[PDB]
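Asker: Below is the file target_28.pdb, with PDB, C-alpha atoms.
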ATOM      1  CA  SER A 810       9.424   0.051  17.944
ATOM      2  CA  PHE A 811      12.364  -1.203  19.938
ATOM      3  CA  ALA A 812      12.711   2.434  21.071
ATOM      4  CA  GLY A 813       9.269   3.853  20.278
ATOM      5  CA  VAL A 814       8.407   4.215  23.952
ATOM      6  CA  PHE A 815      12.013   5.248  24.648
ATOM      7  CA  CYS A 816      12.031   8.445  22.590
ATOM      8  CA  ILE A 817       8.642   9.511  23.938
ATOM      9  CA  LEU A 818       9.592   8.659  27.536
ATOM     10  CA  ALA A 819      11.995  11.529  28.183
ATOM     11  CA  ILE A 820       9.460  13.843  26.514
ATOM     12  CA  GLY A 821       6.937  12.655  29.071
ATOM     13  CA  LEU A 822       9.381  13.126  31.931
ATOM     14  CA  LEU A 823       9.963  16.676  30.686
ATOM     15  CA  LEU A 824       6.203  17.135  30.769
ATOM     16  CA  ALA A 825       6.274  15.552  34.245
ATOM     17  CA  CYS A 826       8.693  18.150  35.580
ATOM     18  CA  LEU A 827       6.553  21.168  34.590
ATOM     19  CA  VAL A 828       3.831  20.118  37.044
ATOM     20  CA  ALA A 829       6.190  19.915  40.010
ATOM     21  CA  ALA A 830       7.767  23.176  38.807
ATOM     22  CA  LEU A 831       4.364  24.850  39.178
ATOM     23  CA  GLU A 832       4.052  23.128  42.553
ATOM     24  CA  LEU A 833       7.365  24.682  43.589
ATOM     25  CA  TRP A 834       5.886  27.962  42.310
ATOM     26  CA  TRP A 835       3.150  27.166  44.846
ATOM     27  CA  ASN A 836       5.735  26.270  47.501
ATOM     28  CA  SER A 837       7.266  29.723  46.955
ATOM     29  CA  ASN A 838       4.024  31.708  46.726
TER      30      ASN A 838
ATOM     31  CA  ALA B 609      -4.077  13.885  36.667
ATOM     32  CA  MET B 610      -3.972  15.040  33.069
ATOM     33  CA  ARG B 611      -0.321  14.541  32.226
ATOM     34  CA  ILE B 612       0.501  10.845  32.616
ATOM     35  CA  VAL B 613      -2.848  10.446  30.895
ATOM     36  CA  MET B 614      -0.688  11.518  27.950
ATOM     37  CA  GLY B 615       1.248   8.322  28.549
ATOM     38  CA  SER B 616      -1.977   6.302  28.558
ATOM     39  CA  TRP B 617      -3.758   6.990  25.235
ATOM     40  CA  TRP B 618      -0.384   7.135  23.517
ATOM     41  CA  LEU B 619       0.259   3.534  24.497
ATOM     42  CA  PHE B 620      -3.361   2.861  23.435
ATOM     43  CA  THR B 621      -2.323   4.267  20.025
ATOM     44  CA  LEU B 622       1.252   3.055  19.744
ATOM     45  CA  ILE B 623       1.063  -0.543  20.848
ATOM     46  CA  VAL B 624      -1.938  -1.409  18.682
ATOM     47  CA  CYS B 625      -0.303   0.261  15.696
ATOM     48  CA  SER B 626       2.811  -1.613  16.785
ATOM     49  CA  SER B 627       0.781  -4.817  16.855
ATOM     50  CA  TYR B 628       0.077  -4.438  13.161
ATOM     51  CA  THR B 629       2.623  -5.829  10.701
ATOM     52  CA  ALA B 630       3.369  -9.013  12.686
ATOM     53  CA  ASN B 631       0.171 -10.336  11.143
ATOM     54  CA  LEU B 632       2.014 -10.265   7.822
ATOM     55  CA  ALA B 633       4.742 -12.328   9.487
ATOM     56  CA  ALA B 634       1.954 -14.762  10.226
ATOM     57  CA  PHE B 635       0.445 -14.188   6.770
ATOM     58  CA  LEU B 636       3.011 -14.007   3.989
ATOM     59  CA  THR B 637       5.859 -16.493   4.336
ATOM     60  CA  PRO B 644       6.220 -28.034   0.361
ATOM     61  CA  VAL B 645       9.548 -26.499   1.449
ATOM     62  CA  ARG B 646      10.738 -23.854   3.907
ATOM     63  CA  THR B 647      14.479 -24.330   4.495
ATOM     64  CA  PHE B 648      17.174 -24.862   1.888
ATOM     65  CA  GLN B 649      20.557 -25.569   3.492
ATOM     66  CA  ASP B 650      22.305 -28.921   3.170
ATOM     67  CA  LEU B 651      23.276 -28.601   6.835
ATOM     68  CA  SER B 652      19.849 -27.383   7.991
ATOM     69  CA  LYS B 653      18.186 -30.570   6.760
ATOM     70  CA  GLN B 654      20.677 -32.815   8.602
ATOM     71  CA  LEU B 655      18.784 -32.307  11.866
TER      72      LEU B 655
END
Go ahead and render the structure in this file as C-alpha coordinates.

Answerer:
Amino acid sequence: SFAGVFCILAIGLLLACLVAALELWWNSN
Amino acid sequence: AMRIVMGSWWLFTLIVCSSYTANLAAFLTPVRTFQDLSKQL
(Lines of atoms letter the chains of each structure in order from A and count residues from 1; the text may use other names and numbers.)
(Lines give C-alpha, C1' and ligand atoms only; values in the text may rest on other atoms or scores of the structure.)
Protein backbone atom coordinates (compact mmCIF):
# COMPACT_ATOMS: atom_id res chain seq x y z
CA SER A 1 0.00 0.00 0.00
CA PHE A 2 2.67 2.42 1.09
CA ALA A 3 5.11 -0.11 -0.42
CA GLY A 4 2.83 -2.14 -2.70
CA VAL A 5 4.47 -0.74 -5.82
CA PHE A 6 7.85 -0.85 -4.05
CA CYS A 7 8.05 -4.62 -3.57
CA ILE A 8 6.88 -5.28 -7.13
CA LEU A 9 9.23 -2.66 -8.59
CA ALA A 10 12.51 -4.52 -8.14
CA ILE A 11 10.76 -7.64 -9.46
CA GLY A 12 9.93 -5.66 -12.57
CA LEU A 13 13.48 -4.36 -12.88
CA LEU A 14 14.69 -7.96 -12.64
CA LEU A 15 12.29 -8.77 -15.45
CA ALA A 16 13.64 -5.69 -17.25
CA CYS A 17 17.21 -6.97 -17.16
CA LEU A 18 16.42 -10.32 -18.84
CA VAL A 19 15.45 -8.53 -22.07
CA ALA A 20 18.72 -6.61 -22.31
CA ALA A 21 20.53 -9.82 -21.33
CA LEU A 22 19.05 -11.49 -24.42
CA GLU A 23 20.02 -8.38 -26.38
CA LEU A 24 23.60 -8.81 -25.18
CA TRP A 25 23.23 -12.44 -26.28
CA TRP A 26 22.41 -10.84 -29.64
CA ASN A 27 25.36 -8.44 -29.33
CA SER A 28 27.59 -11.50 -28.86
CA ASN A 29 26.02 -13.71 -31.54
CA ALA B 1 7.02 -4.31 -25.62
CA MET B 2 5.54 -7.07 -23.50
CA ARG B 3 7.42 -6.61 -20.25
CA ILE B 4 6.65 -3.14 -18.90
CA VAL B 5 3.14 -4.05 -20.00
CA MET B 6 3.44 -6.16 -16.85
CA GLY B 7 3.79 -2.88 -15.00
CA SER B 8 0.67 -1.53 -16.70
CA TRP B 9 -2.19 -3.97 -15.95
CA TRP B 10 -0.73 -4.54 -12.50
CA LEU B 11 -1.25 -0.88 -11.69
CA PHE B 12 -4.69 -1.26 -13.34
CA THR B 13 -5.30 -4.03 -10.76
CA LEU B 14 -3.45 -2.69 -7.74
CA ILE B 15 -4.49 0.93 -7.59
CA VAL B 16 -8.20 0.25 -8.03
CA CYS B 17 -8.04 -2.47 -5.38
CA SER B 18 -6.02 0.06 -3.40
CA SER B 19 -8.77 2.61 -3.97
CA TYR B 20 -11.21 0.37 -2.14
CA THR B 21 -11.41 0.67 1.65
CA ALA B 22 -11.11 4.48 1.75
CA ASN B 23 -14.80 4.47 0.89
CA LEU B 24 -15.36 2.99 4.35
CA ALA B 25 -13.37 5.92 5.74
CA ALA B 26 -15.95 8.04 3.98
CA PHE B 27 -18.73 5.66 5.04
CA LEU B 28 -18.43 4.44 8.61
CA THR B 29 -17.28 7.10 11.07
CA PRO B 30 -24.19 15.12 17.15
CA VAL B 31 -20.58 14.74 18.34
CA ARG B 32 -17.22 13.82 16.82
CA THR B 33 -14.45 14.97 19.18
CA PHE B 34 -14.26 14.47 22.93
CA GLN B 35 -11.27 16.28 24.44
CA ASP B 36 -11.65 19.22 26.80
CA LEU B 37 -8.74 20.87 24.98
CA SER B 38 -9.98 19.98 21.49
CA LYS B 39 -13.20 21.91 22.02
CA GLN B 40 -11.36 25.06 23.18
CA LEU B 41 -10.62 26.00 19.56

Asker: Do a neighbour search on residue 611 of chain B at 12 Å with all atoms listed in the file, toss out local chain neighbours closer than 6 positions, and write the hits as a list in words.

Answerer: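 Here the answer would be residues 820, 821, 822, 823, 824, 825, 826, 827, 828 and 829 of chain A; 617 and 618 of chain B.
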
Asker: Output as a ChimeraX atom specification the set of chain B residues within 9 Å of chain A, with distances taken over all atoms listed in the file.

Answerer: /B:611-612,614-615,619,622-623,626

Asker: Please save C-alpha atoms of the selected residues as a PDB file, in the coordinates of the input.

Answerer:
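Output contents, as saved in out.pdb:
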ATOM      1  CA  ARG B 611      -0.321  14.541  32.226  1.00  0.00           C
ATOM      2  CA  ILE B 612       0.501  10.845  32.616  1.00  0.00           C
ATOM      3  CA  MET B 614      -0.688  11.518  27.950  1.00  0.00           C
ATOM      4  CA  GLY B 615       1.248   8.322  28.549  1.00  0.00           C
ATOM      5  CA  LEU B 619       0.259   3.534  24.497  1.00  0.00           C
ATOM      6  CA  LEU B 622       1.252   3.055  19.744  1.00  0.00           C
ATOM      7  CA  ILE B 623       1.063  -0.543  20.848  1.00  0.00           C
ATOM      8  CA  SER B 626       2.811  -1.613  16.785  1.00  0.00           C
TER       9      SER B 626
END

Asker: I'd like the interatomic distance between atom CA of residue 630 of chain B and atom CA of residue 653 of chain B, to a tenth of an Å.

Answerer: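 Between atom CA of residue 630 of chain B and atom CA of residue 653 of chain B the gap works out to 26.8 Å.
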
Asker: Atom CA of residue 631 of chain B and atom CA of residue 616 of chain B, how far apart in Å?

Answerer: 24.2 Å

Asker: Mind giving me the straight-line distance from atom CA of residue 635 of chain B to atom CA of residue 655 of chain B in Å, one decimal?

Answerer: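 Distance between the two atoms: 26.3 Å.
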
Asker: Around all listed atoms of segment 811-820 of chain A, padded 8 Å per side, what centre and edge lengths does the axis-aligned box have in Å to one decimal, as JSON?

Answerer:
{"center_x": 10.6, "center_y": 6.3, "center_z": 24.1, "size_x": 20.3, "size_y": 31.0, "size_z": 24.2}
